[PDB]
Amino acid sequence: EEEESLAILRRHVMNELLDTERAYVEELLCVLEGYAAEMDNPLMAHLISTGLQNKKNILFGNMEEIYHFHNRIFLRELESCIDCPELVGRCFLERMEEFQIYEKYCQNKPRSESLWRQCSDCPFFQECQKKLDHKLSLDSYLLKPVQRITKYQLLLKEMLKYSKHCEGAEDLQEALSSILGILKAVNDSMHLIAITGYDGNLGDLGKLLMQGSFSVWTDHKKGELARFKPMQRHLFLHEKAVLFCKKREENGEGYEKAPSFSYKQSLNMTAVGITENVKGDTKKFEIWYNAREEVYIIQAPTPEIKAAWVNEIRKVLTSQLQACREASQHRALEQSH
């Protein structure tokens, strides 16, 4: 029978979810005690300077916090779903906020890498590894959290695939979307902290809703330009503004390979307008400024990205209107003499 094949498959996913969850938890502990802790063990103090020992938190980011969450909360809850795997989607929904901690870890990872590049040779590590009998370096373990958060959406999608007619299919789909949500926000934020030359506080712009690379054209009212050959810009859609940056491509020494961006200009949302369709390309759309005294023709890498940008801009324009309206009514509610 079909219903039976799917229940089996659902158990397979649940088992893998559970086994990999334990391995993960166990692998984090193993390194927090096998390395992080050893950075305080006097018997090892002769293999590590004070400078390194003080940078433990840079090396491990918030791995301990992350370890705590899964070891105390998550693994326990996932296991409370063995007999009914379809309900694992609720475990995720019930703890969506907690998963925010991965944002901090990922943002700090490149920092930890940069540090690791310098001290990976330090005898302290070769020593800890030997005692742990690890064939792989600490670095590979530091990657685990990044790899784990990016596996949860695969596992959920897999569970949802075999749960269409189950009680809980909606929650699974919601869990999947929320996790995909976090992954996007985390990834989005990694671009945001790479912005250089922004005189001011980026947090005053509001939530970062979208970011991406585009071919931009200018078609400003006669009176940097990209008249015929598009220019390349990385745009950041915030609640209060659209930021235009240029992908800096200069490494230097140490070679910071992750691209950084140079702030170029901001378009204040209150004066932003949008044109949904541009002739000749389903993936082009326009972000104009001040009744079009400034017009930018953006070409998204795909029609889906274009659609996502348009919808996000529209939600912001819609909230801006609602907000602007609720404001005038609190001003107009002054008709009390």
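In this text, residue numbers run from 1 along the sequence as written.
Peer 1: Check the residues of the deposited sequence separating residue 223 from residue 224 and report how many of them have no coordinates, as none, 1 to 3, 4 to 9, or 10 or more.
Peer 2: The entry has 4 to 9 unmodelled residues between residue 223 and residue 224.
Peer 1: Once you work out the mean C-alpha B-factor for both 325-333 and 312-320 from the entry, which is higher?
Peer 2: So the stretch with the higher mean C-alpha B-factor is 325-333.
Peer 1: If you average the CA temperature factors as listed in the entry, which stretch comes out higher, 74-82 or 117-125?
Peer 2: Comparing 117-125 with 74-82, the higher mean C-alpha B-factor belongs to 117-125.
Peer 1: Using the temperature factors in the entry, find which of 297, 307, 28, 37 has the highest value at its Cα atom.
Peer 2: The record points to 37.
Peer 1: C-alpha B factor of residue 263, ranked within the chain: lowest, middle or highest third?
Peer 2: For residue 263, whose C-alpha B-factor we compare with every modelled residue in the chain, the answer is the highest third.
Peer 1: Would you please rank residue 211 by its C-alpha temperature factor against the other modelled residues of its chain and give the third it falls in: lowest, middle or highest?
Peer 2: Tercile = lowest for this residue's CA B-factor.
Peer 1: Based on the entry's values, in what third of the chain does the Cα temperature factor of residue 91 lie: lowest, middle or highest?
Peer 2: CA B-factor rank for residue 91: middle third.
Peer 1: Compared with the other modelled residues in the chain, in which third is the CA B-factor of residue 48?
Peer 2: For residue 48, whose C-alpha B-factor we compare with every modelled residue in the chain, the answer is the highest third.
Peer 1: Grab the CA temperature factor for residue 230 from the record and place it in the lowest, middle or highest third of its chain.
Peer 2: Its C-alpha B-factor, which the entry lists for residue 230, ranks in the lowest third among residues of this chain.
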